[PDB]
Every structure is written in structure tokens, then in C-alpha cells.
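Undergrad: Provide a 3D model corresponding to the input given below.
(6 chains, ligands or ions: 6)
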Amino acid sequence: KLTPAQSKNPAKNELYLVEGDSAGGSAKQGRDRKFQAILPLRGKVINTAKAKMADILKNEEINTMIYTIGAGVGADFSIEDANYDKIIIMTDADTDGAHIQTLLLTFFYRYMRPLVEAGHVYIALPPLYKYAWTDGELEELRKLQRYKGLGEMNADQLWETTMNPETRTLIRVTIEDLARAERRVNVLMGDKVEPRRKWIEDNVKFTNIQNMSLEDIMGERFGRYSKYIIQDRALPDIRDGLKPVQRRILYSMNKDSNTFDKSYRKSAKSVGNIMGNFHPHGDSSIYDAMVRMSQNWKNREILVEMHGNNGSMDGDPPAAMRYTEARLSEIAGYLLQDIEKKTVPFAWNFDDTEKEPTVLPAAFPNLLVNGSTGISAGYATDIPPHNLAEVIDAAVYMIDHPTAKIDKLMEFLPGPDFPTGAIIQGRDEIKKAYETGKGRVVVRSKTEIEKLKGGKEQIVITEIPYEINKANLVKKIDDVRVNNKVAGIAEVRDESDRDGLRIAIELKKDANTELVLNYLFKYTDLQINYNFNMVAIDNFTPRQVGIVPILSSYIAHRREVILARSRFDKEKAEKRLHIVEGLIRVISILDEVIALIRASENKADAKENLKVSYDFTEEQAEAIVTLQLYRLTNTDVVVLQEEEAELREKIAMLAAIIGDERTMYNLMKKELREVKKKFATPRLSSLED
Amino acid sequence: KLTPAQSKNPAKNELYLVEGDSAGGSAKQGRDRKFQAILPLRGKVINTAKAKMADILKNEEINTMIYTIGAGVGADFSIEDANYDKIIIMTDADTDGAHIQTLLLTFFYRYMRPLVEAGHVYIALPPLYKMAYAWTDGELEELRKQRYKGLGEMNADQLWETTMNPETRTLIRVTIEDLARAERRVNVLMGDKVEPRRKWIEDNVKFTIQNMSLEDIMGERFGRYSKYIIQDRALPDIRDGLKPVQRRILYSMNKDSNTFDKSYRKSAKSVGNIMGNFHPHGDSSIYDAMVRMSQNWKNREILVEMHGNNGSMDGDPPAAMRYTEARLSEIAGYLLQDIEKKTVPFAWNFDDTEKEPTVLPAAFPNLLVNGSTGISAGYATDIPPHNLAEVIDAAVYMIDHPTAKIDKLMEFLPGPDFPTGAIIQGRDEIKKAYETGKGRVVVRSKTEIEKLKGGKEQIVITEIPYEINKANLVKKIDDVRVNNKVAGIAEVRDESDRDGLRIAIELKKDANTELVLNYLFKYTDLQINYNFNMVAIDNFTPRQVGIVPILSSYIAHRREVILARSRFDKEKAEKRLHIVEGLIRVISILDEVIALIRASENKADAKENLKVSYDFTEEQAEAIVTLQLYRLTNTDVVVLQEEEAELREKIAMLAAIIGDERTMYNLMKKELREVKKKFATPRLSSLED
DNA sequence: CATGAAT
DNA sequence: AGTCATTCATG
DNA sequence: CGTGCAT
DNA sequence: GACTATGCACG
Ligand SMILES: COc1c(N2C[C@@H]3CCCN[C@@H]3C2)c(F)cc2c(=O)c(C(=O)O)cn(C3CC3)c12
Ligand SMILES: COc1c(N2C[C@@H]3CCCN[C@@H]3C2)c(F)cc2c(=O)c(C(=O)O)cn(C3CC3)c12
Ligand SMILES: [Mg+2]
Ligand SMILES: [Mg+2]
Ligand SMILES: [Mg+2]
Ligand SMILES: [Mg+2]
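TA: Residues are numbered from 1 along each chain as shown, chains lettered A, B, ... in the order given. Ligands and ions are numbered 1, 2, ... in the order given. Have a look at this structure:
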């Protein structure tokens, strides 16, 4: 796995720890083989502060590093009998690169302290533009090619920028204070989450060879990584309930006109467009997210319609993106409704070539309807799906009554509504969840006892808990029968066809079916505990939220959308109305206008003449001057006046929405009810206490 | 890997052999678990009538097919011990599916004869269309009163209802009518003898429940696969020298404006667009093809420029399409020159939503310049790269002298010009190759001797034979030292860097350096034999062609392109002249026309009046009537008469090309010389005899 | 045993 | 993101 | 131990 | 085209 140097020399030999096999290859190509060695770090280096000391020793990356370095580890470590003068960590210039640097540094600190204390650990700093490393260097170089990673850099460019000892700009790792360094590393990388959460809260603001400390290097790297994972990866926006990857998937597919009323496009075509325009990451990661939105046992209201093998409840792999074809679902269209009307904040992509929405208009409150999950850094998320009609009903009520209480809201939104059905138990815990954000509810399979011939009964499962694998469940129940942990099971039988779920647990003659069913509920996943952990992104910061701040954030959002949409349509109507006013007046003086253009020197002089001599505005003067010749035939002013009437009425009703809070909220309620009527579906999960 | 039936029954159990894992997964969901078992066949099945029996027994696909059939194989085959009553083969509707059916049928023939003789071996026929479903184009025509490209685009419920439901499926019963003729049919198609197969293809293939015989099924299936892979996969077109996948890559990237003058584009975005619009195959195959066109040690003139790790001469894996950026090279633009002018026959793609070029205009003879290779069915190709300037000079001569002899052409085209360089020996065999298509020439590494200290010498290799892996060569050379197959080798060192190839073979003190160098040339790969096998596609058929059928077919192609282009520009200039002629008349009667349009009631009326009153044509009247108002200012009649003159001359020069074979041929030469001057590059390979 | 578009 | 196996012609 | 976006 | 290991919070 390691590319070694030509000659052995522990006085000049350098070890390059490269992030990735591709970048490892590029390094291997652009290196100096006389003394430079390459070691690909395939994946993320294990946490040698969290993981056990056994599984740490059973790690491939760690072992081949301890072998390539050739000095041992822990207390059996002799820096004198090493193999390298310098060990350089070369990663991508992005956030995940900063995470690898963090993980690798904690390794070389916890188990190879003398190597770091002797200043033998370095950090290669690849350029960010093309050469510039900062924004100030770009400014000075302006008097560009943004490197998305090491993969986009050539071998000769790699050497000239970051590998040549005379040209490279390294960051030397030094231990200034062993006490403050021990504290920092142990907090950021410890098993305890709470000190890490607090550190992120207090520090991270969400708004040729230099030497850096350990505390500074661990702070700038884990600080850069934490902020990006919370804001721009794992956690959903509190409004549209989407992670950046899902929003980019829905938007790109919509921009490519890949909607529900059109033909399916090949998945790879969509995935490729997402990656080249908005989401600068792996094709597999994007596709796996695209597939999940097509699975109706993961989402209560699917956003993608996919043809072919997209998986099952048995958890078998979906067809590769070379096979499947996809398109947005009809209800996914409402998430993107009026996006063409400046109703949402847009920001530049990584490419700085095209703008992308930071949030979707969300004509329906997706965050509650579909849910989210949900593993960040310092924070985590688990929001269950809900009924489309019920959430809307609660939303409509809160629109009328902003200061509504949870007890009243639960008359409309009684609890979660899993797409997999099953039984939810714990009315008290549901309330606790809708208030504080956290809460532990019990999810139970829908069962039915069928009596067989011979005095023997049979348990028949028809629905299973959310996020539970059907195939793994059957195996676990069968293991109970095989091991005879409990007595009475004759045969476990998955009888689920393409049109129904059915797990049949046939029991022996004279066997307490109550004793068995109770055992399977406790020791298998027939019954599970579902933990609420409703955390989302409100105002760029992570926020644990109940049912109230969620609904309030959605209402506040839809208000902005409706207001912005109204300004947009009013802007269009005004501009035409202004043009129609001019055209009507033109007909009254058609002869003198044509005579004026006839006397004009050019297009610009013609418009300037229309302004001065006949008080037409710039916008009007443009429309008049660019009229096709045949429009001189028409002198019917009546039809244009009918358009004036229609436009003036539209501007009026639009302005009232912008000017009257009540009128606006009435509109919002009207649309939320239409969405309800169109996409209403009965409950699947029963509620008990 | 096998999904067994829930109930073992050698009377009703079916065994579906599915092409691919994903399709096997879809079948695993759409099956009836009571009696339908699934066995996914991953990749093409081994040719059991072509490979050594030792390799056959080691083939895991065969072993897992026998051990699940439960009846052994060969002479030790009890037909009553089988666990399945029916064995259905379910492949895609495409030609590769027909190949698998062929390979499988020969196995069940050779090693399981009683199984096929009992009529238990079936062939499942998937639907081809979906509007209900239809298997034939006639059935689609009747159903008219979704084109499936495989099984990966079908849902589980769809696959069941159409091909898996035993009461609603179309099956093919494989019956062996005669054991005599079926043997010759099997051996000719699958046997180790290539010549009889090539003859059978040239004799049968026209290049332009329900029972079925074995000889008929084998001929129909393999016939389709033979034809398809011959003219639509492995072999290049004789005109633009491109395989279908290479042509689709170039056209797609050019259509997406991913060219040399513009920014680089993420590779996955290009691959996805190709796969979804033109080339209905795997992403890796398309990307690998795209990567090769970027490697400057395989192509004499790269057609794709690529940023990042695109591999090396050591054979190390290039970066995945997630990492790399790419765009068309400048010279690749000349392959697509004038494609927007209907100079090339187009054809519908697989979606019938977009038309693709069947051949590129090719402003330079790409077949000889870049070469091709080169493994089809019944045929194979191997054309070496040539110098761009030399091939053009050869073609230019043949334009003036159609009946040019080979000995004369070689004064301009002396031989191949490998991008890897090295030495070519064998003037005689080159001529034999340029005449017949086949030839065996010798390629020798470029070496030099460097005197060292202590009286030692050092062999230095700077250039190596075409298509030779540098990493393996060094290993094989060093293996000579290790095994001491020749005396005097001290150390083998690859000293190549990012700007120079260098393999230093350091010798010992008193060692015969001439002896060492001679042994390596003969027993390693410092010297190899390049075998010409110039086979291309001429008139939809594979043709073993010499240097003359190639150059002539290119000139013939360039003729059609230039003729079709000249007609395009002429019709364009004609219609434009027609308008200019009318606009000049209008100026002299501007007021009368404006008054005439004002007097008119509408657009249609205005044109009829422009016709009747001033004899303007319909095309002329339309142009006048649709002029924007400001055009009444730009009333310069002279600059219109300049365009009029400029157009009449352009038509005159274009008509001369269409109406004179010589003037057209001079245009070929003029343009070919321009291409030559722009992309001229010195030889890299030296020639000897 | 490689080569290169396919599975 | 690398690894793993087969087709096909051919020396 | 599985979860779902990342390496 | 499936297989294999890491992060991160959490019962
Ligand atoms: C499972 O088939 C493949 C294999 N194998 C064949 C053997 C089967 C049993 C034991 N494992 C190996 C793995 C392989 F080595 C490579 C590829 C491959 O590169 C590829 C592609 O699209 O680029 C596609 N496929 C699938 C489309 C056939 C490959
Ligand atoms: C080599 O890393 C990966 C592994 N491995 C990690 C271990 C390292 C030593 C060898 N064995 C395993 C293989 C893996 F199991 C899965 C994926 C993976 O799914 C994936 C993706 O984009 O979808 C990307 N990568 C690469 C981007 C890191 C994966
Ligand atoms: Mg990266
Ligand atoms: Mg993955
Ligand atoms: Mg196929
Ligand atoms: Mg492959």
C-alpha cells in the first residue's frame, strides 16, 4: 500500500500522508522518489481517543503507519530508530481535509508524542487559486482556477506548489503547552459529547515554513469542520426541512425540467449535473440521498419518483445509478413552488458561476411531514414523519392563534405518523417532545393472532416499526427459535409479497403465545423506542426545537415567500401597465411618432426624442422603438384598455397582501388548505397511551 | 448469492438465471418465494467450449450453478436428481443479453445435455416497450390504437406481471431437433478456431410459450451480438477513425460547449450527459474511454484535455470521475468542424428524443493519426499512430494522383509515429502492412551508455515501445538480474520524473555491456513486435484495409462533407441575398411602404398589399413587415449594396465548388494544408530497416 | 498474458 | 474508491 | 449495533 | 457493480 523512497535515509526521507488514493497517485507521480515516500490514507483515520485500544490496534491505516514509520507505538516508541526526518500531512484544502488533519494529529500525539514534540510532523498547504493561498494573494495576483481539492491538481502543479522543499509552504506542528494541549484534544476528541457541544457553542461563531501550536492547529481545524457539518451537511433547515444535499438535488432536477409531468431522466445524468453545478462531492453520496427520497418506507411523502430497483424494506442494495431513472414527485413541485419569482435568498455555488437557493419556498411544512436524521458534530437530529393534513391543520390554527399552547395544537397534531405504520405508545412522552424537543416514545408492530388447525396458534405481523429492517427482523426472530431462548416457536416465515407485508410466526401446540409475543417485543425489534431529538438550523445556528418554534418558523418563512412573490408579480404587472399606458398614448399620436422616428438619427436618438418631445419614459421609449412594423396597422385602443383594467386590479390585490398582515395570512391559509385537500392521506400509525 | 425457494420441489420450482445483480435484486422482490428461486449471473459467463477445463472448474459461476442445480455435471449427471423442473434464462433485451444466452446455452449443451434435451431450459422474454406492454414493434403499433433498454429500469411488480407470472409470460422452449447440425452450429460460433467463425459471419450476417430449435436460437442470438459488436462497439469507422463510444463522447461534450477555449468541466457531468442522451451503457466504460483519449502516451494527438490524475505510463489507476475535470482538445474541434451545417448523416438515439452523428466530418485523417484497437467478434484491429503532417501530405498527393502506388505514398508516409517514440525497424513489413493490412514490424527502445566511476558503465533507457507498461518492464528487467539470466547487472532503477522518462540499468565492474543490452532486447520488452491488423468499418462492413482504402475513403468522405457544407452556406446566403435585395428597394419607397402598412388592417393584410402594390415576395414582405421601428433610422443603402456584392461573390465561389470536382479538391488540399501547418509536430519514432 | 469496450 | 472475472482476436 | 451524509 | 472501514451523536 506504501510507495517507498529509492534510498533509505532517516535524515532527509519524508513521509507524505495523503488524503485519498487519487491524490495519493498524483503525489506518487509528482514526487521526488529519491527520498519522498507516499502513503494513501483511504478514508477517515480512526479516532484514537474514542475507539477502544483493541479496535485501534486492529486498524489497517494505523498499523501500516506504525509499520512504515518503523519505531513502535506508545511506550515502546524510540524516535531514534525511526525511518523519516519529516512526516508531512497533505490533505484537501476543504473541511473534511481539516478533519483528517485533526484525527491524524491526535494519533501522533496520543501514541507518538516524541515525534510531534521534536517537530517532525508537518502539514502541507495546497494552493486555493490559480498561484494564491489566500484572498489577499488573489487580489495581488489580479494586478482564476479555484481548486476544489487535490484531485483537480496536476502532478507538475503539485510539485511546483506544495511538494518541492524549496517551493512548498509547510505548517510545523509544535507542542507549546502539554497541559493546554492535553485539555484541548481530550475535549474535542473525547467520548463525552457535552464538553464538545459547549466548546462549539462558546468558540464557533456561526455569524517557506511556519510553526503553529497544537492547541491552535486543533482549534482552527475542528472549528472549521464543526461549523460546516452543522450548517452545511447533517442538519436540516428548520423551514423546508432539507439538508443542503437534498435541496441541491431537488433544485437541480427542477432546473433541468425533470418533473413529475415529464419523462424520467437517467439517474447518472441528474447526479452528474448536481455534482458539476451545486454539490461538490461524491456521486455515490448524492445518489444515495436521491434514492432515499424515492423510498416510501423512509419518507411519509416521497420527493423523488424512481423507476427500478431502488431498494426494499429488506434492505437489499438499490440498482446502481447506471440503471435507475428518476424525476421529482408532484408534491416535490410544491416545495419548489414560485422559486422563479425571487421568493428565496440565493447564493453563489462553489464554482461561483451559478447561484443556488439557500432554502426552498416550501408550500407545505416538509420538516414535520417527512422528518430528518441526523448525525452532526456536537449535535444530532431525529424528527419523525407526520401526516400532511394534521400538520397543516395545526399550522392553520397557529396562524389564527400565534400564542397557541401545545395541548391545543395536539388536537390537530396528535403525534407522529410513520409511513411504515405500526403502533405509537406514549401520549405523555409525545407532549414532552413537542415541548422541549426531546422525548422517548414506544413504537410497536401491528399484530394479529390466527388460530391454526391442531390447537396451535400463529402470530401474524402486518406492520413493523419505522427505520427497522424487515430482513434483519426475521433473522433475529428466527435466532430466538433456533436458540430456544423462549419456548414455543415452531417456524418463522416471511410471507411478504409485492402487495402486502406479512411475517408469520407459527407457534407449537400448547405454548403460551403471550409469553412469546412479549419476549419478541423486548428482545427483538418487534417493538422499539423512538427517541425524539428535534434539532434543526434556525438563523444559521443549530437549535433544539419543539412543535411551536418549528411551526412559527414555517409561518414566518411562508410569510416572506408570499410577500416576496407578491412584490415580484406586482413588479411585472407594473412594468407592463406602464408600457400599455405608453402604447395607448402612442396611437393617439401615431403619425407624429412615426415622423419622429423617421427624423431620428439612430435607435438611441429616437428614444431620447420620444422622451423630450412627448414625455415618454425610458422603458416606454424602448418598447415603442422596438415595435415590429406590422403593429402600425392596429389602432384598437379598447383591447389595451381592457388589459389596463385587468392589470390595475391585479396590482391592487397584490399590494393589499403586502400592506395588510391579515390579508396575507388569509392567503397563506387558503393555499395551505388547497395543499391539504390535494395531498391528504389517512393515518397509518395508531396512537395509544 | 443464490436466493432459494421457500419450498423445495423438483416438480414446480423454477430457477431464474438473471443477468446482473441489480436485475437479480429486482427479481428477488418481484418473485413468488414459494417456488421461484433467483441466481444472479455477474458479468459474462465463461465460454466452456473455448477455455481450458482447468479454468472452467475454477469458475465460481459454473460451480455455484452446478451445486444449486443439484445434479452434478458431465457424464456424472443424473437428470432425476435435479431440484428445479424449469430453468429460465432472463437477460436484458439487448445484444449483450443475447451473448449471455449463447454462452449459457453452450454450457447446458456441453456439460448438461439431458437437461436441455428434456425441454426444461427456457428463455424468458422481457417486454421491449411500455405505453400496457408490447414485445414487438407491431404490438406497439396496435397498442397505440417507455422503451426499456434493460431490466434495471423495471419495477418488481412490472417484472412479475410481464415476464415472471407463469400465467402471463412469454417463454421460449429450447429444443434440440437434430443433434447433428446443432453440433456444427455450436462449434463454429464458440470453438477455438477463429477462421470458421469469421467465414460464418461473412456468410450469414446481413450488414444491410413458443418452442424454438437450438441451432436456430444460437444462430439468431450470436448473429445479433456478432453484428452489433462488429459495427457498433469494437471497430472504428474508416473515415473519422472513431469507435461509437468515442464519437458520442466528442459530440456530447461539443454540444455542451465543453471545448478548449472554455473552462474545464467536471468529468461526471460529461459522462452523465453522454449516458443519458447518446451512449446507453455503464459509466465506467464511458469514463475509461474518455480517459484514454486524454493520455498522451496512447494517442499521438489527444482529443480530450483532462485535469488531475489521468494515469501514467506505469499503469497506475486514474482518478475516478468524481475527481477529474475535462474538456475537448483544440484539434478535436476540427473533428467536429462544420457539424452544424448538415454535412453528416444523423440518426435517432435510443430514446428517439435526439439525433446523433453516425460519423464526424473529420478535418484530419484521425484513423491513421491516432490509430485504433481493437478486439471484435470474428475480427480484430490494430492500427498504429502516425505523424499528423505526414498523413496529410500523403492524402494531399493522392488527391492530385488518385491511382498512387504504395511505394510512392511512402515518400510522404514512411511509417508509424508512436507518441511513446522509440525505434521502428522493418521497411519491408511496413510496406506489406500498407498494402495488405497485416504486417509485423519491430519496435526497439532508445538507449544510451553513461560512463561511471570505478570503471562502471550504465545503460540508460529514455524511450520505450508503444503499448508497453513502464512499471512492469522495469520489474521484468530487474527479474533478469535477480534470476541472473544474464551476467553483469548491478541495479535496476526507474529514475523517471514529471519531465522525462529514464530507466538506469547500472552494470557491474568488468561486465560485457553489449551482452547485457542484447539479452534484454530479446528476452524482455525493451524490444517488441508490433503487428499491423488494420481492420475498419467500410460501408457498414468490417474490412481489412491497406493505406490506400483508408486515404481514399477519407478523401471520399471529405468530398461529401465539403459538398454538403457548400450547399448549406449557399442556401443561407441566397435567402439572405433575397432579403437584402428587397430592403434596398424599400429604402427608395420608405414613406410609401410605411403609409401602406398604416393603411393595412393587420399583418397578413400588410404583406398581401406589399406583394400586390410593389411585387415583393412572401419571404421579402415578411422581413419588411417584422422590422423593428428603429430600423427606419438606419437607412444606409450603400452598406446594403456592399453586403449584396459580398453575398453574390460568396454564392459564386460556393457554386464553383458544387459544380466543379477540381475546385472542390483544391479546397480539400487548401484546408488540409491549413490543418497541417497548425498542428504540425516532429517525428518521435525513428525508422530503420 | 495483455490489449479495450462490454457484461 | 480500489479489487475482483469473464467475452472477443491475436503473438 | 444501526442510522445517513461524508472521506 | 457488490464488498469493505472510518467519522459523528445516541438508546
Ligand atoms: C460484477 O461484475 C464485475 C466484475 N466481477 C465479475 C466477477 C463476478 C463474481 C466474482 N466477482 C467478480 C467481480 C468486475 F471484476 C468488474 C466489473 C466492472 O468493472 C464493471 C464496470 O461497469 O466497470 C461492471 N461489472 C459488472 C457489470 C458486470 C463488473
Ligand atoms: C476507500 O474508502 C472507502 C471504503 N473503504 C474504507 C476502508 C479503507 C481500507 C480498504 N478497505 C476499506 C474501503 C469503503 F468501504 C466505502 C467507500 C465508499 O462507499 C465511498 C463512496 O464514495 O460511496 C468512498 N470511499 C472512499 C472515499 C473514501 C470508500
Ligand atoms: Mg475533498
Ligand atoms: Mg459509499
Ligand atoms: Mg444491458
Ligand atoms: Mg470496470
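
Undergrad: how many other residues sit next to the residue of the stretch 101-250 of chain A at minimum distance from DNA strand D?
TA: Per CB to the nearest atom of the strand, residue A:151 is where the stretch 101-250 of chain A lies closest to DNA strand D, at 6.3 Å. Where C-beta positions appear, they are placed from N, C-alpha and C, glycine not excepted. Using other CB atoms under 10 Å in any protein chain shown, residue A:151 is surrounded by 23 other residues.

Undergrad: Spatially nearest residue to it, not counting backbone neighbours?
TA: Among residues not flanking residue A:151 along the chain, residue B:323 sits closest, at 3.0 Å (CB to CB, 6 or more residues apart in numbering or on different chains).

Undergrad: One more: residue A:396?
TA: Of all residues not flanking residue A:396 in the chain, residue A:669 sits nearest, at 5.3 Å (CB to CB, 6+ apart).

Undergrad: Please look at that neighbour and residue A:399 and confirm they touch.
TA: Yes. With contacts counted by CB atoms under 8 Å, residue A:669 reaches residue A:399, the gap being 5.6 Å.

Undergrad: all helices for the stretch 501-650 of chain A, in order.
TA: A:513-523, A:547-588, A:590-598, A:603-614, A:618-625, A:638-659 (DSSP state H, counting those that start in this stretch).

Undergrad: What are the contacting residues of the first one?
TA: So that's helix A:513-523. A:444-445, A:447, A:449, A:457, A:459, A:477, A:480, A:485-486, A:488-489, A:505, A:507, A:526-527 (CB atoms under 8 Å, 6 or more residues apart in numbering or on different chains).

Undergrad: before we move on, back to that, so which of the helices of the stretch 501-650 of chain A comes closest to ligand 2?
TA: Within the helices of the stretch 501-650 of chain A, the stretch nearest ligand 2 is helix A:513-523; the backing value is 30.5 Å (CB to the nearest ligand atom).

Undergrad: The closest one and DNA strand E, any residue contact?
TA: No. Helix A:513-523 stays clear of DNA strand E (CB under 7 Å from any atom of the strand), getting no nearer than 13.7 Å.

Undergrad: buried stuff in that helix?
TA: Counting neighbours by 16 or more other CB atoms under 10 Å in any protein chain shown, one finds that the buried residues in helix A:513-523 are A:513, A:516, A:517, A:519, A:520, A:521.

Undergrad: cool, and stretch A:600-612?
TA: A:600, A:603, A:606, A:607, A:609, A:610.

Undergrad: Excluding chain neighbours, give the residue nearest to the first one in space.
TA: Translated: residue A:600. residue A:606 (3.7 Å).

Undergrad: what does the stretch 451-600 of chain A put close to ligand 1?
TA: Of all the residues in the stretch 451-600 of chain A, not one is in contact range of ligand 1 (CB under 6 Å from any ligand atom).

Undergrad: so who does the closest residue to ligand 3 within the stretch 451-600 of chain A touch?
TA: Residue nearest to ligand 3 within the stretch 451-600 of chain A: residue A:537 (22.4 Å; CB to the ion). By CB under 8 Å, 6+ apart, the residues touching residue A:537 are A:230, A:231, A:235, A:236, A:237, A:238, A:543.

Undergrad: Same check on residue A:505?
TA: When contacts are counted by CB under 8 Å, 6+ apart, residue A:505 touches A:458, A:459, A:460, A:461, A:477, A:489, A:491, A:492, A:493, A:516, A:520.

Undergrad: Could you rerun that using 6 Å?
TA: By CB atoms under 6 Å, 6 or more residues apart in numbering or on different chains, the contact set of residue A:505 is A:459, A:492.

Undergrad: Next to DNA strand D, which bits of chain A? Give me the list.
TA: Contacts of chain A with DNA strand D, taken as CB under 7 Å from any atom of the strand, map to A:19, A:20, A:21, A:22, A:23, A:25, A:42, A:151, A:284.

Undergrad: Let's see which of those residues end up in strands.
TA: Among the residues of chain A next to DNA strand D, no member is found in strands (DSSP state E).

Undergrad: which pair in the residues you listed spans the largest distance?
TA: Greatest spatial distance among the residues of chain A next to DNA strand D (CB to CB): A:25 and A:284, at 19.4 Å.

Undergrad: Looking at the two, which has the bigger crowd around it?
TA: residue A:25 (27 against 13).

Undergrad: how far away is that one from residue B:313?
TA: When distance is defined by CB to CB, to the nearest Å, residue A:25 is 13 Å away from residue B:313.

Undergrad: sorry, back to before: out of the contacts of helix A:513-523, flag the one nearest to residue B:242.
TA: Distances from residue B:242 to those, taken by CB to CB, are shortest for residue A:477, at 58.1 Å.

Undergrad: Identify the residue nearest that closest one in space, chain neighbours excluded?
TA: Using CB to CB, 6+ apart, the closest residue to residue A:477 is residue A:492 (5.0 Å).

Undergrad: Counting neighbours, what do you get for the one you found?
TA: A total of 20 residues lie near residue A:492 under the criterion other CB under 10 Å.

Undergrad: Flag every buried residue along the strand or helix carrying it.
TA: Per DSSP states H and E: residue A:492 is located in strand A:489-494. Of the residues in strand A:489-494, A:489, A:492, A:493, A:494 count as buried by neighbour count, 16+ other CB under 10 Å.

Undergrad: Residues in a beta bridge with the residue of the stretch 451-600 of chain A found nearest DNA strand F, which ones?
TA: Residue nearest to DNA strand F within the stretch 451-600 of chain A: residue A:531 (4.8 Å; CB to the nearest atom of the strand). Applying DSSP bridges to residue A:531 gives these bridge partners: residue A:440.

Undergrad: I'd say it and residue A:440 touch.
TA: Yes. Contact criterion CB atoms under 6 Å: residue A:531 and residue A:440 qualify, at 5.1 Å.

Undergrad: State the distance from residue A:571 to residue A:341.
TA: To residue A:341, residue A:571 is 9 Å away according to CB to CB.

Undergrad: For those two, work out which one has more neighbours and name it.
TA: residue A:341 (17 against 13).

Undergrad: Flag every residue of chain A that's near DNA strand F.
TA: Counting by CB under 7 Å from any atom of the strand, the residues of chain A close to DNA strand F are A:43-47, A:50-51, A:55, A:58-60, A:99, A:102-103, A:189, A:193, A:196-197, A:234, A:317, A:319-320, A:323, A:375-380, A:438, A:440, A:529, A:531, A:533.

Undergrad: State the number of residues packed around the one residue in the stretch 51-200 of chain A that gets nearest to DNA strand E.
TA: Proximity of the stretch 51-200 of chain A to DNA strand E (CB to the nearest atom of the strand) peaks at residue A:96, 3.7 Å away. Using other CB under 10 Å, residue A:96 is surrounded by 17 other residues.
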